[PDB]
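Listing of final_19.cif, mmCIF, C-alpha atoms
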```cif
data_upload
#
loop_
_atom_site.group_PDB
_atom_site.id
_atom_site.type_symbol
_atom_site.label_atom_id
_atom_site.label_comp_id
_atom_site.auth_asym_id
_atom_site.auth_seq_id
_atom_site.Cartn_x
_atom_site.Cartn_y
_atom_site.Cartn_z
ATOM 1 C CA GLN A 42 6.219 16.397 74.044
ATOM 2 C CA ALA A 43 5.032 19.547 72.197
ATOM 3 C CA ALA A 44 2.686 20.516 75.001
ATOM 4 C CA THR A 45 4.023 22.384 78.054
ATOM 5 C CA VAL A 46 1.637 21.674 80.958
ATOM 6 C CA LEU A 47 1.568 24.518 83.488
ATOM 7 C CA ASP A 48 1.560 23.887 87.229
ATOM 8 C CA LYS A 49 0.289 27.512 87.476
ATOM 9 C CA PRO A 50 -2.307 28.013 84.721
ATOM 10 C CA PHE A 51 -3.003 31.370 83.266
ATOM 11 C CA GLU A 52 -6.219 33.346 83.633
ATOM 12 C CA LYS A 53 -8.086 33.695 80.352
ATOM 13 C CA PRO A 54 -7.597 37.283 79.173
ATOM 14 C CA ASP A 55 -10.506 39.692 79.687
ATOM 15 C CA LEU A 56 -10.708 40.709 76.046
ATOM 16 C CA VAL A 57 -13.831 42.345 74.629
ATOM 17 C CA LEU A 58 -13.211 42.517 70.931
ATOM 18 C CA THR A 59 -15.081 42.538 67.629
ATOM 19 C CA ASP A 60 -15.938 39.183 66.032
ATOM 20 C CA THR A 61 -16.059 38.466 62.289
ATOM 21 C CA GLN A 62 -19.759 39.403 62.129
ATOM 22 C CA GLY A 63 -18.856 42.827 63.524
ATOM 23 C CA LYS A 64 -20.378 42.118 66.914
ATOM 24 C CA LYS A 65 -18.974 42.693 70.395
ATOM 25 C CA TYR A 66 -17.440 39.469 71.670
ATOM 26 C CA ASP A 67 -16.595 39.050 75.327
ATOM 27 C CA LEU A 68 -13.969 36.283 75.255
ATOM 28 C CA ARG A 69 -14.514 35.070 78.809
ATOM 29 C CA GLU A 70 -18.281 34.963 78.501
ATOM 30 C CA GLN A 71 -18.497 33.459 75.034
ATOM 31 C CA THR A 72 -15.987 30.642 75.743
ATOM 32 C CA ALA A 73 -16.980 29.990 79.372
ATOM 33 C CA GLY A 74 -16.709 26.338 80.231
ATOM 34 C CA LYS A 75 -15.522 25.477 76.727
ATOM 35 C CA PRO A 76 -12.179 23.997 75.679
ATOM 36 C CA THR A 77 -10.631 27.007 74.023
ATOM 37 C CA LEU A 78 -7.431 27.390 71.988
ATOM 38 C CA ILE A 79 -6.102 30.918 71.390
ATOM 39 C CA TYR A 80 -3.619 32.058 68.822
ATOM 40 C CA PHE A 81 -2.480 35.647 68.142
ATOM 41 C CA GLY A 82 -1.306 36.425 64.611
ATOM 42 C CA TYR A 83 -2.211 37.976 61.230
ATOM 43 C CA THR A 84 -3.865 36.801 58.042
ATOM 44 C CA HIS A 85 -1.160 38.173 55.697
ATOM 45 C CA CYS A 86 1.417 35.878 57.370
ATOM 46 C CA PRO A 87 2.229 33.279 54.697
ATOM 47 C CA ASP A 88 3.672 30.756 57.176
ATOM 48 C CA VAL A 89 2.968 30.524 60.935
ATOM 49 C CA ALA A 90 -0.617 31.836 61.008
ATOM 50 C CA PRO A 91 -2.019 29.635 58.234
ATOM 51 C CA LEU A 92 0.068 26.551 59.268
ATOM 52 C CA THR A 93 -1.020 26.834 62.911
ATOM 53 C CA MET A 94 -4.673 27.226 61.963
ATOM 54 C CA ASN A 95 -4.468 24.431 59.431
ATOM 55 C CA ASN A 96 -2.725 22.093 62.019
ATOM 56 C CA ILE A 97 -5.501 22.726 64.483
ATOM 57 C CA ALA A 98 -8.187 22.449 61.848
ATOM 58 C CA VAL A 99 -6.968 19.106 60.513
ATOM 59 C CA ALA A 100 -6.708 17.809 64.106
ATOM 60 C CA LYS A 101 -10.164 19.064 64.836
ATOM 61 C CA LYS A 102 -11.589 17.401 61.714
ATOM 62 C CA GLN A 103 -10.765 13.975 63.238
ATOM 63 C CA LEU A 104 -13.234 14.578 66.098
ATOM 64 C CA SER A 105 -16.962 13.848 66.028
ATOM 65 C CA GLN A 106 -18.974 16.923 64.950
ATOM 66 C CA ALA A 107 -20.371 16.919 68.541
ATOM 67 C CA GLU A 108 -16.884 17.227 70.112
ATOM 68 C CA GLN A 109 -15.918 19.777 67.407
ATOM 69 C CA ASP A 110 -18.940 21.848 68.436
ATOM 70 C CA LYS A 111 -17.593 22.006 72.042
ATOM 71 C CA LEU A 112 -14.289 23.507 70.952
ATOM 72 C CA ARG A 113 -13.567 27.191 70.526
ATOM 73 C CA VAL A 114 -10.595 27.915 68.386
ATOM 74 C CA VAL A 115 -9.975 31.687 68.592
ATOM 75 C CA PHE A 116 -7.715 33.636 66.226
ATOM 76 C CA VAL A 117 -6.921 37.124 67.617
ATOM 77 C CA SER A 118 -5.520 39.429 64.946
ATOM 78 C CA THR A 119 -2.340 41.337 65.566
ATOM 79 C CA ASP A 120 -2.828 43.405 62.393
ATOM 80 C CA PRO A 121 -6.292 45.008 62.842
ATOM 81 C CA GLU A 122 -5.603 47.622 60.064
ATOM 82 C CA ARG A 123 -5.781 44.788 57.478
ATOM 83 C CA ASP A 124 -7.705 42.140 59.377
ATOM 84 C CA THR A 125 -11.037 43.891 59.458
ATOM 85 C CA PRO A 126 -13.837 41.729 60.910
ATOM 86 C CA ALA A 127 -15.108 40.694 57.476
ATOM 87 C CA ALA A 128 -11.604 40.214 55.990
ATOM 88 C CA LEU A 129 -10.629 38.036 58.963
ATOM 89 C CA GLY A 130 -13.808 36.105 58.589
ATOM 90 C CA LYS A 131 -13.221 35.402 54.914
ATOM 91 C CA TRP A 132 -9.701 34.201 55.484
ATOM 92 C CA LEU A 133 -10.684 31.878 58.357
ATOM 93 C CA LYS A 134 -13.673 30.437 56.520
ATOM 94 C CA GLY A 135 -11.197 28.830 53.996
ATOM 95 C CA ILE A 136 -9.573 26.896 56.857
ATOM 96 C CA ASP A 137 -12.497 26.105 59.108
ATOM 97 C CA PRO A 138 -15.718 28.106 59.361
ATOM 98 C CA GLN A 139 -16.034 27.364 63.122
ATOM 99 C CA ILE A 140 -12.844 29.310 64.022
ATOM 100 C CA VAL A 141 -13.711 32.519 65.881
ATOM 101 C CA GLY A 142 -11.839 35.571 64.628
ATOM 102 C CA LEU A 143 -11.393 38.618 66.886
ATOM 103 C CA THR A 144 -10.100 41.996 65.942
ATOM 104 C CA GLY A 145 -9.697 45.360 67.721
ATOM 105 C CA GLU A 146 -7.224 47.884 69.061
ATOM 106 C CA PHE A 147 -3.677 46.587 68.914
ATOM 107 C CA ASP A 148 -2.809 47.964 72.370
ATOM 108 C CA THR A 149 -5.628 45.933 73.934
ATOM 109 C CA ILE A 150 -4.655 42.785 72.071
ATOM 110 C CA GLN A 151 -0.902 43.171 72.877
ATOM 111 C CA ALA A 152 -1.729 43.578 76.569
ATOM 112 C CA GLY A 153 -3.955 40.518 76.552
ATOM 113 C CA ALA A 154 -1.205 38.464 74.914
ATOM 114 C CA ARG A 155 1.241 39.640 77.572
ATOM 115 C CA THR A 156 -0.889 38.116 80.344
ATOM 116 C CA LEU A 157 -0.135 34.713 78.675
ATOM 117 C CA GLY A 158 3.612 35.467 78.354
ATOM 118 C CA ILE A 159 3.288 36.152 74.627
ATOM 119 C CA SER A 160 5.111 39.028 73.022
ATOM 120 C CA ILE A 161 3.502 40.664 69.962
ATOM 121 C CA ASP A 162 4.948 43.629 68.074
ATOM 122 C CA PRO A 163 3.151 45.173 65.109
ATOM 123 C CA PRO A 164 3.901 43.276 61.780
ATOM 124 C CA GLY A 177 7.895 31.468 72.308
ATOM 125 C CA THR A 178 4.381 30.344 73.204
ATOM 126 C CA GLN A 179 2.108 30.330 70.119
ATOM 127 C CA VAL A 180 -1.134 28.663 71.290
ATOM 128 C CA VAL A 181 -2.653 28.483 74.732
ATOM 129 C CA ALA A 182 -5.297 25.899 75.630
ATOM 130 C CA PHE A 183 -7.900 26.739 78.226
ATOM 131 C CA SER A 184 -9.555 24.002 80.179
ATOM 132 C CA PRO A 185 -13.336 23.727 80.237
ATOM 133 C CA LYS A 186 -13.033 22.798 83.949
ATOM 134 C CA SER A 187 -11.381 25.983 85.072
ATOM 135 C CA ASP A 188 -11.262 28.319 82.091
ATOM 136 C CA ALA A 189 -7.525 28.583 82.858
ATOM 137 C CA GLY A 190 -4.696 28.347 80.322
ATOM 138 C CA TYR A 191 -3.108 25.061 81.305
ATOM 139 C CA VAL A 192 -1.229 23.941 78.188
ATOM 140 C CA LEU A 193 1.107 25.939 75.935
ATOM 141 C CA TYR A 194 2.225 25.014 72.447
ATOM 142 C CA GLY A 195 5.100 26.468 70.489
ATOM 143 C CA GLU A 196 5.917 26.690 66.759
ATOM 144 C CA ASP A 197 7.348 23.128 66.943
ATOM 145 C CA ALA A 198 3.861 21.661 67.448
ATOM 146 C CA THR A 199 2.672 19.666 64.467
ATOM 147 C CA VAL A 200 -0.571 18.482 63.101
ATOM 148 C CA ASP A 201 0.234 15.157 64.718
ATOM 149 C CA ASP A 202 0.645 16.733 68.166
ATOM 150 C CA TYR A 203 -2.696 18.558 67.951
ATOM 151 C CA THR A 204 -4.352 15.422 66.595
ATOM 152 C CA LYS A 205 -3.137 13.378 69.575
ATOM 153 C CA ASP A 206 -3.750 16.034 72.182
ATOM 154 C CA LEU A 207 -7.142 17.532 71.209
ATOM 155 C CA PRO A 208 -9.290 14.831 72.768
ATOM 156 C CA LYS A 209 -7.533 15.452 76.117
ATOM 157 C CA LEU A 210 -7.750 19.251 75.751
ATOM 158 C CA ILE A 211 -11.495 18.911 75.121
ATOM 159 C CA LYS A 212 -11.911 17.301 78.475
ATOM 160 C CA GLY A 213 -9.427 19.513 80.342
ATOM 161 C CA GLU A 214 -7.139 16.568 80.880
ATOM 162 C CA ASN A 215 -3.354 16.765 80.713
ATOM 163 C CA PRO A 216 -2.034 15.690 77.265
#
```
Translate this file's structure into structure tokens.
Amino acid sequence: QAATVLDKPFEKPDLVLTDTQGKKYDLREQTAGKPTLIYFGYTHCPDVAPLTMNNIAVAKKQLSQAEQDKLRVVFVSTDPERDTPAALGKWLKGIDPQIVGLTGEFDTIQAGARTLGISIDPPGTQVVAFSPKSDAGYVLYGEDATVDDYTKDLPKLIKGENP
């Protein structure tokens, strides 16, 4: 299976970053009680960033618009010097306009990623799913995950069930 299900789920990082509208976005508050998928990467990546987002987006498109509206797919930029709020927003809008894009100080972002076992250097686990039941990071996906894996697993992730 692509999914690694954690017996000891991670805390959602306490990130307060800038969203694509230039507004302060408290990750924990904004996504509280919502199935949330987080990815750290950068919009100038021609491979992993756009493929991961597109895999999730295509999977998400299978769901009813009501279930889609429950999900929070969060892209946290690792390259804030290019991924300004509005630049990040433009790039995401061409994949799915519901994806939340967060940008801010690299040190803050790197530290937040570390609390999920994810190592980011300036330009392993790729995506962490957070359960709506606990807000804890209970499933990890790596680069090997395909559109088919996310398609199969998203309805379970939405409910906080094991995939």
Self-check item: Proximity to residue 197 of chain A - best of A:177, A:142, A:54, A:63, all atoms listed in the file
Solution: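 Under the stated criterion, the closest residue is A:177.
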Using the chain letters and numbers from the file, which residues does the PyMOL selection byres ((chain A and resi 145) around 9) grab, as a PDB file with C-alpha atoms, in the frame of the given file?
```pdb
ATOM      1  CA  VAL A  57     -13.831  42.345  74.629  1.00  0.00           C
ATOM      2  CA  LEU A  58     -13.211  42.517  70.931  1.00  0.00           C
ATOM      3  CA  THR A  59     -15.081  42.538  67.629  1.00  0.00           C
ATOM      4  CA  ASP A  60     -15.938  39.183  66.032  1.00  0.00           C
ATOM      5  CA  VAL A 117      -6.921  37.124  67.617  1.00  0.00           C
ATOM      6  CA  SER A 118      -5.520  39.429  64.946  1.00  0.00           C
ATOM      7  CA  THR A 119      -2.340  41.337  65.566  1.00  0.00           C
ATOM      8  CA  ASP A 120      -2.828  43.405  62.393  1.00  0.00           C
ATOM      9  CA  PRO A 121      -6.292  45.008  62.842  1.00  0.00           C
ATOM     10  CA  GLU A 122      -5.603  47.622  60.064  1.00  0.00           C
ATOM     11  CA  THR A 125     -11.037  43.891  59.458  1.00  0.00           C
ATOM     12  CA  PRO A 126     -13.837  41.729  60.910  1.00  0.00           C
ATOM     13  CA  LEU A 143     -11.393  38.618  66.886  1.00  0.00           C
ATOM     14  CA  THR A 144     -10.100  41.996  65.942  1.00  0.00           C
ATOM     15  CA  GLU A 146      -7.224  47.884  69.061  1.00  0.00           C
ATOM     16  CA  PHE A 147      -3.677  46.587  68.914  1.00  0.00           C
ATOM     17  CA  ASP A 148      -2.809  47.964  72.370  1.00  0.00           C
ATOM     18  CA  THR A 149      -5.628  45.933  73.934  1.00  0.00           C
ATOM     19  CA  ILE A 150      -4.655  42.785  72.071  1.00  0.00           C
TER      20      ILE A 150
END
```
Quiz item: Selected by the PyMOL selection byres ((chain A and resi 42-53) around 6) in the shown coordinates: which residues, as a count of residues only?
Solution: 8
Quiz prompt | Which residue of A:132, A:183, A:80, A:66 approaches residue 214 of chain A most closely, using all atoms listed in the file | solution =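 The closest residue to residue 214 of chain A is A:183.
One distance worth recording is that between atom CA of residue 115 of chain A and atom CA of residue 79 of chain A, which is 4.8 Å.
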Practice problem: Mind checking which residues fall within 9 Å of residue 97 of chain A, counting only C-alpha atoms, ignoring those fewer than 6 positions away in the same chain, and posting them as a list in words? | Solution: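 Close residues of residue 97 of chain A: residues 114, 199, 200, 203, 204 and 207 of chain A.
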Practice problem: Between atom CA of residue 160 of chain A and atom CA of residue 96 of chain A, measure the distance and give it in Å to one decimal. | Solution: 21.7 Å
Quiz item: Can you list, as an MDAnalysis selection string, every protein, DNA or RNA residue that comes within 10 Å of residue 123 of chain A when you count all atoms listed in the file, leaving out same-chain residues fewer than 6 positions away?
Solution: chainID A and resid 83:85 129 144
Can you list what the PyMOL selection byres ((chain A and resi 108) around 12) grabs from this structure, as a compact mmCIF listing (two decimals) with C-alpha atoms, keeping the file's coordinate frame?
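Final output, saved to selection_11.txt:
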```
# COMPACT_ATOMS: atom_id res chain seq x y z
CA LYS A 75 -15.52 25.48 76.73
CA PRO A 76 -12.18 24.00 75.68
CA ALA A 100 -6.71 17.81 64.11
CA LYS A 101 -10.16 19.06 64.84
CA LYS A 102 -11.59 17.40 61.71
CA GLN A 103 -10.76 13.98 63.24
CA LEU A 104 -13.23 14.58 66.10
CA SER A 105 -16.96 13.85 66.03
CA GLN A 106 -18.97 16.92 64.95
CA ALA A 107 -20.37 16.92 68.54
CA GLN A 109 -15.92 19.78 67.41
CA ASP A 110 -18.94 21.85 68.44
CA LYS A 111 -17.59 22.01 72.04
CA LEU A 112 -14.29 23.51 70.95
CA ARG A 113 -13.57 27.19 70.53
CA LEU A 207 -7.14 17.53 71.21
CA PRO A 208 -9.29 14.83 72.77
CA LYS A 209 -7.53 15.45 76.12
CA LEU A 210 -7.75 19.25 75.75
CA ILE A 211 -11.50 18.91 75.12
CA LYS A 212 -11.91 17.30 78.47
```
Practice problem: Please measure the separation of atom CA of residue 82 of chain A and atom CA of residue 141 of chain A, giving the value in Å to one decimal. | Solution: 13.1 Å
Quiz prompt | Distance query residue 56 of chain A at most 7 Å, all atoms listed in the file, self and fewer than 5 positions along chain excluded, as a ChimeraX atom specification | solution = /A:67-68,153
Quiz prompt | Selection: 8 Å around residue 98 of chain A, all atoms listed in the file, excl. self and same-chain fewer than 4 positions, as a VMD selection string | solution = chain A and resid 94 102 136 to 137
Practice problem: Rank A:81, A:88, A:130, A:201 by their smallest atom-to-atom distance to residue 161 of chain A, using all atoms listed in the file, and report the top residue only. | Solution: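 So, comparing all the options, the nearest one is A:81.
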What are the centre and edge lengths in Å, to one decimal, of the axis-aligned box around all listed atoms of segment 100-114 of chain A with 4 Å added on each side, as JSON?
```
{"center_x": -13.5, "center_y": 20.9, "center_z": 66.9, "size_x": 21.7, "size_y": 22.1, "size_z": 18.3}
```
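The closest residue to residue 116 of chain A, picked from A:152, A:73, A:133, A:99 and counting all atoms listed in the file, is A:133.
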Self-check item: Option closest in space to residue 185 of chain A, from A:213, A:139, A:128, A:89 [counting all atoms listed in the file]
Solution: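 With all atoms listed in the file as the atom set, the closest residue is A:213.
Closest approach to residue 186 of chain A among A:61, A:151, A:215, A:71: A:215, based on only C-alpha atoms.
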Where atoms are lacking, segment 42-57 of chain A completed to N, CA, C and O atoms, as a PDB file, in the coordinates of the input:
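Okay, rebuild-v8.pdb is ready:
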```
ATOM      1  N   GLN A  42       7.640  16.061  74.390  1.00  0.00           N
ATOM      2  CA  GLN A  42       6.219  16.397  74.044  1.00  0.00           C
ATOM      3  C   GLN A  42       6.114  17.855  73.575  1.00  0.00           C
ATOM      4  O   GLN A  42       6.783  18.747  74.109  1.00  0.00           O
ATOM      5  N   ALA A  43       5.274  18.120  72.578  1.00  0.00           N
ATOM      6  CA  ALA A  43       5.032  19.547  72.197  1.00  0.00           C
ATOM      7  C   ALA A  43       4.380  20.409  73.287  1.00  0.00           C
ATOM      8  O   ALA A  43       4.673  21.547  73.463  1.00  0.00           O
ATOM      9  N   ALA A  44       3.471  19.805  74.019  1.00  0.00           N
ATOM     10  CA  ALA A  44       2.686  20.516  75.001  1.00  0.00           C
ATOM     11  C   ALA A  44       3.596  20.842  76.213  1.00  0.00           C
ATOM     12  O   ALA A  44       4.360  19.936  76.660  1.00  0.00           O
ATOM     13  N   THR A  45       3.505  22.064  76.736  1.00  0.00           N
ATOM     14  CA  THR A  45       4.023  22.384  78.054  1.00  0.00           C
ATOM     15  C   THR A  45       2.801  22.507  78.973  1.00  0.00           C
ATOM     16  O   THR A  45       1.949  23.372  78.759  1.00  0.00           O
ATOM     17  N   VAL A  46       2.740  21.669  79.984  1.00  0.00           N
ATOM     18  CA  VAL A  46       1.637  21.674  80.958  1.00  0.00           C
ATOM     19  C   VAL A  46       2.070  22.544  82.130  1.00  0.00           C
ATOM     20  O   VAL A  46       3.169  22.360  82.680  1.00  0.00           O
ATOM     21  N   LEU A  47       1.239  23.533  82.469  1.00  0.00           N
ATOM     22  CA  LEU A  47       1.568  24.518  83.488  1.00  0.00           C
ATOM     23  C   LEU A  47       1.054  24.114  84.863  1.00  0.00           C
ATOM     24  O   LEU A  47      -0.108  23.793  85.017  1.00  0.00           O
ATOM     25  N   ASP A  48       1.951  24.122  85.845  1.00  0.00           N
ATOM     26  CA  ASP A  48       1.560  23.887  87.229  1.00  0.00           C
ATOM     27  C   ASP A  48       0.736  25.094  87.710  1.00  0.00           C
ATOM     28  O   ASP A  48      -0.163  24.930  88.540  1.00  0.00           O
ATOM     29  N   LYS A  49       1.039  26.283  87.173  1.00  0.00           N
ATOM     30  CA  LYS A  49       0.289  27.512  87.476  1.00  0.00           C
ATOM     31  C   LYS A  49      -0.422  28.094  86.224  1.00  0.00           C
ATOM     32  O   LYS A  49       0.138  28.973  85.502  1.00  0.00           O
ATOM     33  N   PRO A  50      -1.636  27.616  85.965  1.00  0.00           N
ATOM     34  CA  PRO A  50      -2.307  28.013  84.721  1.00  0.00           C
ATOM     35  C   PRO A  50      -2.619  29.462  84.696  1.00  0.00           C
ATOM     36  O   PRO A  50      -2.905  30.092  85.721  1.00  0.00           O
ATOM     37  N   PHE A  51      -2.688  29.964  83.481  1.00  0.00           N
ATOM     38  CA  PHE A  51      -3.003  31.370  83.266  1.00  0.00           C
ATOM     39  C   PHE A  51      -4.508  31.637  83.319  1.00  0.00           C
ATOM     40  O   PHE A  51      -5.319  30.813  82.926  1.00  0.00           O
ATOM     41  N   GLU A  52      -4.849  32.839  83.765  1.00  0.00           N
ATOM     42  CA  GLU A  52      -6.219  33.346  83.633  1.00  0.00           C
ATOM     43  C   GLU A  52      -6.501  33.569  82.129  1.00  0.00           C
ATOM     44  O   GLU A  52      -5.612  33.956  81.339  1.00  0.00           O
ATOM     45  N   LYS A  53      -7.706  33.312  81.687  1.00  0.00           N
ATOM     46  CA  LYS A  53      -8.086  33.695  80.352  1.00  0.00           C
ATOM     47  C   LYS A  53      -8.182  35.217  80.271  1.00  0.00           C
ATOM     48  O   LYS A  53      -8.755  35.856  81.189  1.00  0.00           O
ATOM     49  N   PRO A  54      -7.602  35.819  79.216  1.00  0.00           N
ATOM     50  CA  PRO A  54      -7.597  37.283  79.173  1.00  0.00           C
ATOM     51  C   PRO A  54      -9.002  37.861  79.084  1.00  0.00           C
ATOM     52  O   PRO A  54      -9.855  37.324  78.385  1.00  0.00           O
ATOM     53  N   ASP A  55      -9.212  38.991  79.755  1.00  0.00           N
ATOM     54  CA  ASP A  55     -10.506  39.692  79.687  1.00  0.00           C
ATOM     55  C   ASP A  55     -10.557  40.621  78.483  1.00  0.00           C
ATOM     56  O   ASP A  55     -10.586  41.816  78.602  1.00  0.00           O
ATOM     57  N   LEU A  56     -10.642  40.040  77.316  1.00  0.00           N
ATOM     58  CA  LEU A  56     -10.708  40.709  76.046  1.00  0.00           C
ATOM     59  C   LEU A  56     -12.176  40.849  75.605  1.00  0.00           C
ATOM     60  O   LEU A  56     -12.893  39.874  75.548  1.00  0.00           O
ATOM     61  N   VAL A  57     -12.545  42.081  75.257  1.00  0.00           N
ATOM     62  CA  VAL A  57     -13.831  42.345  74.629  1.00  0.00           C
ATOM     63  C   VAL A  57     -13.520  42.973  73.303  1.00  0.00           C
ATOM     64  O   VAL A  57     -13.041  44.064  73.246  1.00  0.00           O
TER      65      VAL A  57
END
```
